[PDB]
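*Asks:*
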Amino acid sequence: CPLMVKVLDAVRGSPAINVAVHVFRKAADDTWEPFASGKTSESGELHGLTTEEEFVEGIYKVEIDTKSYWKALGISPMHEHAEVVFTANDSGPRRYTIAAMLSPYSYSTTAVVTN
Amino acid sequence: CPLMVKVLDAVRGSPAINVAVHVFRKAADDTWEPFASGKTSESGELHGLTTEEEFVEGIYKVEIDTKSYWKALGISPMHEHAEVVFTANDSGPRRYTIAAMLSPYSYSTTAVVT
Amino acid sequence: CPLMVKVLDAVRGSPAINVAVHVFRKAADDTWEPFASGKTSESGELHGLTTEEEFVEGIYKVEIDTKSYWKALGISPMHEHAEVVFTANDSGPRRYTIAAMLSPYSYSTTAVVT
Amino acid sequence: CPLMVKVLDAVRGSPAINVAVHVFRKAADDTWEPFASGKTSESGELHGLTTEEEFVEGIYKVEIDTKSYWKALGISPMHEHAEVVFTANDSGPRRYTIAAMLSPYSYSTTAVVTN
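Residue numbers (PDB author numbering), protein chains in the order written: chain C, 10 to 124; chain D, 10 to 123; chain B, 10 to 123; chain A, 10 to 124.
1) Between the C-alpha atoms of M13(D) and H56(D), what's the straight-line distance to the nearest angstrom?
2) Between the region 14-29 of chain D and chain A, which residues of the former have a C-beta closer than 9 Å to a C-beta of the latter?
3) DSSP state of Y69(B), grouped into three classes?
4) Would you please state the rounded distance, in angstroms, between the beta carbons of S115(A) and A120(B)? I believe it to be under 8 Å.
5) Would you give the residue range spanned by the alpha helix (DSSP H) that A45(D) belongs to?
6) Mind checking whether the beta-carbon of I68(C) lies closer than 6 Å to any heavy atom of the ligand NAD?
7) Would a check of beta-carbon distances place residue 3(B) closer than 7 Å to chain C?
8) For a contact defined as C-beta to C-beta under 7 Å, what are the partners of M110(B) on chain D?
9) State the CB to CB distance for the pair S52(D) and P11(D), rounded to an integer number of angstroms; the pair is presumed to be in contact (CB under 8 Å).
10) Tell me, to the nearest whole angstrom, how far the beta carbon of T49(D) is from that of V30(D); I am working on the premise that it is less than 8 Å.
11) Does the separation of the CB atoms of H88(A) and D74(A) fall below 7 Å?
12) Is the CB-CB distance between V28(D) and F44(D) below 7 Å?
13) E92(D) versus chain C: which residues are under 8 Å apart at the beta carbon?
14) To which residues does DSSP link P24(B) through a beta bridge?
15) Under three-state DSSP, which class holds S77(A)?
16) Which one of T123(B), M110(B), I84(B), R21(B) has the shortest CA to CA distance from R103(B)?
17) Tell me whether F33(D) sits in a helix, a strand or coil according to DSSP, three-state version.
18) Might you give, ordered along the chain, the residues of its own chain that have their beta carbon closer than 8 Å to the beta carbon of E92(C), omitting 5 neighbours on each side?
19) Are the CB atoms of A109(A) and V16(A) nearer to each other than 7 Å?
20) Would you say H88(D) faces chain C, with C-beta separation under 7 Å as the test?
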């Protein structure tokens with residue numbers, strides 16, 4: 010499993026469950042073409058987005074629908090979403106985990122890369 | 010000053026100076042309309058981007074050229090840039106301080122609203 | 010001002026006002042020597058804690074009474090209080106801004122050094 | 010396993026491996042008594058710190074030696090450690106995961122509490 014996203018609710022101290030996640034890859038021109046999508050599970054994790062065969066080198070965009078997450082709890086948050094754009098597998102295939110920590114008025118998204 | 014953007018360097022622990030920041034506002038037709046842009050000062054802050062009259066209710070995108078920042082420090086980052094999209098003034102005028110803390114593999118952002 | 014502490018509320022997106030802050034410095038015998046204290050203002054900032062003459066090299070602890078802050082807001086937090094411990098001025102005097110962002114279950118802290 | 014700590018290096022984008030972690034519990038007096046300790050694995054996680062029987066109600070402090078971590082990588086750190094003090098099991102037994110994200114000049118620690 011080369012790409013996984015883990016989302017945590019730092020305000021309620023719990024996993025961010027059922028959060029929509031969309032992944033895109035930049036095509037040769039300059040457009041973002043749909044690559045994969047899914048929703049986080051009860052543990053706040055999202056596995057199986059793609060495979061080693063499909064996940065080639067490229068610039069990828071991971072957009073987390075944090076707004077719907079907060080609205081469902083009755084909160085109108087600051088951000089429309091949490092997004093990370095990064096280059097993947099530029100020095101060979103790696104396993105990537107996008108770890109996102111959420112709060113209504115702030116968030117962090119970091120790319121954890123392993124061999 | 011209703012909108013101020015601050016950028017910090019998580020690796021060196023200093024203000025990220027001379028960083029390019031672009032701000033866009035989403036139009037009725039769903040497109041991104043250029044709003045204002047500038048570069049952070051020695052304190053890592055960007056003031057004067059807009060006015061109270063100009064900064065109406067809406068969805069705004071702040072795009073930081075984090076990549077050029079790292080390049081100039083001799084670093085080749087994994088993150089391509091940093092983008093923060095937020096809804097502003099939907100409950101009346103407010104002053105916003107949008108801060109972004111950078112690292113080659115991560116960014117954190119905060120919004121202080123008063 | 011060589012040391013400034015700023016506290017923010019990640020739940021409401023505002024400065025955390027009237028937050029108690031206590032600073033200690035580790036003594037030669039390993040005990041925490043009271044150094045300075047105060048409360049955040051309406052901007053969530055606390056200035057004037059110390060001076061260039063008193064702020065010597067050493068290991069400092071900034072203890073933030075997050076608990077009392079939440080209580081006043083009708084919230085019984087799981088986090089008891091934040092402790093930010095750092096070494097200061099070990100390569101000469103520097104100006105430090107210690108910021109802490111709070112939630113009932115978490116806190117993030119940053120340090121800008123100039 | 011009621012208490013787990015996971016540490017991530019948000020600056021190098023990897024798990025923070027072999028990081029020492031010390032856990033204390035405030036005793037009836039007002040002092041921090043040793044409770045448990047360990048080192049993070051290659052995944053940056055530390056399991057088996059305590060048991061359901063031993064982890065009773067109380068105020069606990071979890072101190073992560075980030076200073077040694079950054080030095081071993083040749084990176085000068087700002088903080089002595091990343092820490093979290095919290096009341097645990099005050100409303101019955103819970104599972105606690107301390108998620109800490111690290112950078113030389115900043116850290117975040119959030120208690121993820123589940124049933």
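Yeah, the Cβ is synthetic: ideal placement off N, Cα and C, and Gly gets one too.
*Replies:* Taking the definition as stated:
1) 5 Å
2) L17, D18, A19, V20, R21, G22, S23
3) strand
4) Contact flag correct, Cβ pair sits at about 7 Å.
5) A45(D) -> not in any alpha helix (DSSP H); beta strand (DSSP E) instead, spanning 41-48.
6) Although the ligand NAD was asked about, the structure shown includes no ligands whatsoever.
7) What is shown of chain B runs 10 to 123, which leaves residue 3(B) out entirely.
8) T119
9) 19 Å between Cβ atoms; not a contact.
10) 7 Å
11) no
12) no
13) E92, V94
14) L17(B)
15) In the displayed model, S77(A) falls within a helix according to three-state DSSP.
16) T123(B)
17) strand
18) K70, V71, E72, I73, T118
19) yes
20) yes
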